[PDB]
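Asker: Here it is, the structure in full.
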Amino acid sequence: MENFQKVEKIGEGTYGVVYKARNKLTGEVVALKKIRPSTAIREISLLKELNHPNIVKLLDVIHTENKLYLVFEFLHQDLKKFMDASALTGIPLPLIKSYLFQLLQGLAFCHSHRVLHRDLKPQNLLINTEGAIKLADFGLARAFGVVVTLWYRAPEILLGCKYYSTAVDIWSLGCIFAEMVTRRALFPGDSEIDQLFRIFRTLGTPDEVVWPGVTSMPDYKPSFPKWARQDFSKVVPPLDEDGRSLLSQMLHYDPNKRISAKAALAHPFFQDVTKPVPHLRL
Ligand SMILES: Nc1nc(Nc2ccc(S(N)(=O)=O)cc2)sc1C(=O)Nc1cc(F)cc(F)c1
């Protein structure tokens with residue numbers, strides 16, 4: 001805009017590009033998101049009053065020249081970049097644990113306020129020098145709809161469910177947790193069906209036993225290949241059993257059986273959680 005000095009383009013978005021900018025008056029540095037209904041307008045208002053240490057703060061909302069700008073507090077780096085930077089050595093387990101614990105707190109907060117993220121991915125998880133990690137880009141969907149990454153998409157979404165629950169965010173976080181641990185995306189599909197089948201090849205093709213109602217889903221086909229489930233010990237090898245048991249609950253096929261963020265925070269895996277400081281290269 002005119003009140004902001006676009007410093008640099010710090011990425012993209014499913015609705016617009018995000019820039020690093022300085023408030024030419026208050027000297028503050030922010031992340032400015034330029035968006036290309038009304039329920040969306042009011043829904044954005046809900047987000048503005050959604051304040052939590054693990055949620056990127058939405059500072060200002062500017063609707064002018066029939067265009068929409070969102071001003072967010074600026075964070076130092078995203079998790080995708082950090083994971084890449086940590087690929088040779090891996091992110092230390094205590095930090096992986098700290099990040100997961102914090103994201104679950106953020107999700108528990110959002111979910112308790114009936115807010116769904118819907119598109120969690122490393123690129124929209126932001127970190128700072130003090131060890132915090134925060135949820136950014138709440139998809140702003142449900143009030144916004146109709147290359148895109150499908151790697152973290154929950155199976156019920158892939159199978160055509162139109163009304164998904166808070167459980168889809170737990171699935172995405174589970175995929176991210178695995179990736180931090182193995183330094184490899186868990187389900188790197190390149191199409192909706194490839195995404196779906198990679199999930200099936202690893203967790204087994206779901207059936208009515210493990211997922212009641214699955215065969216009645218919009219996009220379910222009796223013709224899907226029937227793959228046997230693999231052992232978690234081979235899925236995320238370096239992870240101890242507490243970690244694997246938590247991951248398994250975050251990746252249950254049935255949205256109803258999938259662990260809630262609140263219940264996840266009480267899992268034994270977090271008994272020894274701490275808040276280490278990451279080594280960030282900015
Ligand atoms: N507040 C904020 N700070 C950011 N910082 C930042 C991100 C990546 C790097 S990197 N690539 O590691 O150098 C550095 C700094 S992105 C961002 C945001 O809200 N982003 C944002 C907001 C939306 F509304 C939708 C969306 F997809 C993203």
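Please note that chains go A, B, ... in the order of the structure tokens, that every chain numbers its residues from 1, and that ligands are numbered from 1 in the order shown.
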Could you pull the residues within 9 Å of segment 19-32 of chain A, counting only C-alpha atoms, minus those fewer than 5 positions along the same chain, as a PyMOL selection string?
Answerer: chain A and resi 2-12+59+69-75
Asker: Please produce an output containing C-alpha atoms for each residue in the selection, written as a compact mmCIF listing (two decimals), in the first residue's frame.
Answerer:
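Writing the result to again.txt gives the following:
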```
# COMPACT_ATOMS: atom_id res chain seq x y z
CA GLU A 2 0.92 3.66 0.51
CA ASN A 3 1.21 3.62 4.34
CA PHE A 4 3.57 0.65 4.13
CA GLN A 5 7.00 0.27 2.55
CA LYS A 6 6.97 -3.17 0.93
CA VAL A 7 10.41 -4.43 1.98
CA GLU A 8 10.24 -7.87 0.33
CA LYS A 9 7.93 -10.65 -0.78
CA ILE A 10 8.13 -13.28 1.95
CA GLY A 11 6.06 -15.91 0.20
CA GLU A 12 2.67 -16.81 -1.23
CA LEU A 59 -3.05 -6.58 13.84
CA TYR A 69 -5.25 -6.33 3.33
CA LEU A 70 -4.41 -8.21 6.50
CA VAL A 71 -1.59 -6.92 8.70
CA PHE A 72 0.02 -9.56 10.89
CA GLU A 73 2.78 -9.43 13.46
CA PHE A 74 5.99 -10.42 11.65
CA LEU A 75 7.73 -13.64 12.59
```
Asker: Have a look at A:100, A:127, A:193, A:251 and name the one nearest to residue 56 of chain A; count only C-alpha atoms.
Answerer: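 Selected residue with least distance to residue 56 of chain A: A:127.
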Asker: Report the closest atom pair, with its distance in Å rounded to one decimal, for each residue of segment 208-272 of chain A that has an atom no farther than 10 Å from segment 150-156 of chain A; count only C-alpha atoms, sort by chain and then rising residue number, and write it as a Markdown table.
Answerer:
```
| residue | atom | partner | partner_atom | distance |
| --- | --- | --- | --- | --- |
| A:214 | CA | A:156 | CA | 8.4 |
| A:217 | CA | A:156 | CA | 8.2 |
| A:218 | CA | A:156 | CA | 9.6 |
| A:219 | CA | A:156 | CA | 9.5 |
| A:220 | CA | A:156 | CA | 9.9 |
| A:251 | CA | A:154 | CA | 8.7 |
| A:252 | CA | A:155 | CA | 9.8 |
| A:253 | CA | A:155 | CA | 7.1 |
| A:254 | CA | A:156 | CA | 8.3 |
| A:255 | CA | A:156 | CA | 7.6 |
```
Asker: Take the selection from the previous step and output its residues with N, CA and C atoms, as a compact mmCIF listing (two decimals), in the first residue's frame.
Answerer:
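The new file result_0.txt reads:
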```
# COMPACT_ATOMS: atom_id res chain seq x y z
N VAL A 214 -16.94 -45.14 6.00
CA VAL A 214 -16.00 -44.79 4.94
C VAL A 214 -16.47 -45.18 3.52
N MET A 217 -18.70 -42.75 1.64
CA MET A 217 -18.22 -41.41 1.37
C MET A 217 -18.31 -41.04 -0.10
N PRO A 218 -18.57 -39.75 -0.37
CA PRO A 218 -18.71 -39.21 -1.72
C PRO A 218 -17.77 -39.76 -2.77
N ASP A 219 -16.47 -39.74 -2.47
CA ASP A 219 -15.49 -40.18 -3.44
C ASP A 219 -14.92 -41.56 -3.23
N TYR A 220 -15.49 -42.32 -2.32
CA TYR A 220 -15.01 -43.67 -2.08
C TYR A 220 -15.41 -44.55 -3.26
N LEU A 251 -3.26 -39.86 13.66
CA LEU A 251 -3.48 -40.33 12.29
C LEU A 251 -4.55 -41.42 12.16
N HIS A 252 -5.42 -41.57 13.16
CA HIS A 252 -6.51 -42.56 13.06
C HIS A 252 -7.35 -42.13 11.86
N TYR A 253 -7.84 -43.10 11.10
CA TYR A 253 -8.66 -42.79 9.93
C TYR A 253 -9.97 -42.10 10.32
N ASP A 254 -10.68 -42.69 11.29
CA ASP A 254 -11.96 -42.16 11.74
C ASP A 254 -11.80 -40.84 12.47
N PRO A 255 -12.30 -39.74 11.88
CA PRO A 255 -12.23 -38.41 12.48
C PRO A 255 -12.71 -38.43 13.91
```
Asker: Choose the residue, out of A:58, A:104, A:126, A:95, that has the smallest atom-to-atom separation from residue 167 of chain A; count only C-alpha atoms.
Answerer: A:104
Asker: So that I can check the surroundings of residue 135 of chain A, please list as a PyMOL selection string every protein, DNA and RNA residue that reaches within 9 Å of it, counting only C-alpha atoms and ignoring chain neighbours fewer than 4 positions away.
Answerer: chain A and resi 54-56+103+106-107+117+120+124-126
Asker: Taking the backbone alone, and naming residues the way the document does, which bits of segment 1-221 of chain A are strand (DSSP E or B) by DSSP, as a PyMOL selection string?
Answerer: chain A and resi 4-11+18-23+29-35+55+58-64+67-73+77-78+125-127+133-135
Asker: Find the residues around residue 264 of chain A up to 9 Å (only C-alpha atoms counted), leave out those fewer than 4 positions away in its own chain, and share them as a PyMOL selection string.
Answerer: chain A and resi 101+104+246+249-250+259-260+268-270
Asker: Nearest residue to residue 168 of chain A out of A:118, A:261, A:228, A:64, using only C-alpha atoms?
Answerer: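 Of A:118, A:261, A:228, A:64, the one nearest residue 168 of chain A, counting only C-alpha atoms, is A:118.
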Asker: Grab the atom CA of residue 190 of chain A to atom CA of residue 140 of chain A distance for me, in Å with one decimal place.
Answerer: 23.6 Å
Asker: Quick one: residues within 12 Å of residue 180 of chain A, only C-alpha atoms counted, chain neighbours fewer than 6 positions away excluded, as an NGL selection string?
Answerer: :A and (79-87 or 89-100 or 121-122 or 173-174 or 186 or 236 or 238-239)
Asker: With distances taken over only C-alpha atoms and all ligand atoms, which of A:131, A:206, A:188, A:139 is nearest to ligand 1?
Answerer: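 Of A:131, A:206, A:188, A:139, the one nearest ligand 1 is A:139, counting only C-alpha atoms and all ligand atoms.
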Asker: Between A:196, A:147, A:61, A:159, which residue has the minimum interatomic distance to residue 46 of chain A, considering only C-alpha atoms?
Answerer: A:61
Asker: Write out as number ranges by chain all residues of segment 33-155 of chain A that DSSP puts in helix (DSSP H, G or I) for this structure's backbone.
Answerer: A: 39-48, 79-85, 93-112, 122-124, 155
Asker: Select, from A:13, A:134, A:222, A:123, the residue with the minimum atom-to-atom distance to residue 208 of chain A, counting only C-alpha atoms.
Answerer: A:222
